[PDB]
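Participant: Okay, handing you the structure first.
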Amino acid sequence: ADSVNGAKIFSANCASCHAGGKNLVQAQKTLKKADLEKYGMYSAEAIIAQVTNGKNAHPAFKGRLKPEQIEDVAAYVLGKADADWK
Ligand code: HEC
C-alpha cells in the first residue's frame with residue numbers, strides 16, 4: 001500500500017472527524033496508537049474492515065473509495081500512529 005497517497009485520501013475523507021489523529025465527535029476513540037490497540041484496531045486489516053463496511057455505525061467508504069485507496073489510508077493511519085501523529 002501507499003502511505004504518501006494515503007495522506008491525501010485521509011485529508012479528503014477522514015480528517016473532518018479525525019484531524020490530528022484525534023476524534024472530534026467521540027474523543028475516546030482516536031487514531032492514536034494506544035486507542036487503536038485498546039479497541040483492537042491496531043492493524044491494517046482491522047482499519048480496512050472498519051472503513052470499508054463501516055460497522056459500529058462508522059462511515060462506510062466502499063462506495064466512494066477503491067480497495068487500493070482504502071489500503072493506502074490504512075497504512076497512512078498506522079504510520080502516523082507509530083509516529084504519535086507528529
Ligand atoms: C465522522 C463523520 C467520521 C469520518 C468521516 C470518519 N470517521 Fe473514523 N470514526 C468515527 C467515529 C465516530 C469513531 C468512533 C466509533 C467507531 O466506529 O469506532 C471512529 C473510529 C474510527 C477508528 C477506530 C478508532 C479507535 O477505535 O480508537 C478508525 C481506525 C477510524 N475511525 C478510521 C477512519 C478512517 C480511515 C476514515 C476515513 C477514511 C474515517 N475514520 C472517517 C467517525 C468518522
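Identifiers in this document derive from the order of the C-alpha cells: chains are assigned A, B, ..., residues are numbered from 1 separately in each chain, and ligands are numbered from 1 in order of occurrence.
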Check every protein, DNA and RNA residue against ligand 1, keep those with an atom at most 8 Å away (counting only C-alpha atoms and all ligand atoms), and present them as a VMD selection string.
Facilitator: chain A and resid 9 to 10 13 to 18 23 25 to 26 28 to 42 46 to 48 50 to 51 54 to 59 61 70 73 to 74 77
Participant: What is the distance, in Å and to one decimal place, between CA of residue 1 in chain A and CA of residue 71 in chain A?
Facilitator: 5.7 Å
Participant: Which residue out of A:4, A:12, A:21, A:44 has the minimum interatomic distance to residue 83 in chain A when only C-alpha atoms are used?
Facilitator: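 Using only C-alpha atoms, the shortest distance to residue 83 in chain A belongs to A:21.
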Participant: Work out how far apart CA of residue 2 in chain A and CA of residue 66 in chain A are and give it in Å to one decimal.
Facilitator: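 These two atoms are separated by 13.0 Å.
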Participant: For a quick check of understanding, using only C-alpha atoms, which of A:43, A:72, A:85, A:78 has the smallest distance to residue 6 in chain A?
Facilitator: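 Residue with the minimum atom-to-atom distance to residue 6 in chain A: A:72.
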Participant: Among the residues of chain A, find those DSSP assigns to helix (DSSP H, G or I) from the backbone and print them as a PyMOL selection string.
Facilitator: chain A and resi 3-13+15-21+33-38+44-53+67-82
Participant: Kindly give the distance, in Å, that separates CA of residue 82 in chain A and CA of residue 64 in chain A, rounded to a single decimal.
Facilitator: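 Between CA of residue 82 in chain A and CA of residue 64 in chain A the gap works out to 27.1 Å.
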Participant: Just checking: using only C-alpha atoms, which residue out of A:19, A:49, A:62, A:75 ends up closest to residue 5 in chain A?
Facilitator: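 Comparing A:19, A:49, A:62, A:75 against residue 5 in chain A, the winner is A:75.
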Participant: For each of A:27, A:22, A:52, A:60, take the minimum atom-to-atom distance to residue 81 in chain A, counting only C-alpha atoms, then give the residue where this is smallest.
Facilitator: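 Result for the nearest residue to residue 81 in chain A: A:22.
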Participant: Have a look at A:8, A:3, A:53, A:20 and name the one nearest to residue 84 in chain A; count only C-alpha atoms.
Facilitator: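 The shortest atom-to-atom distance to residue 84 in chain A comes from A:20.
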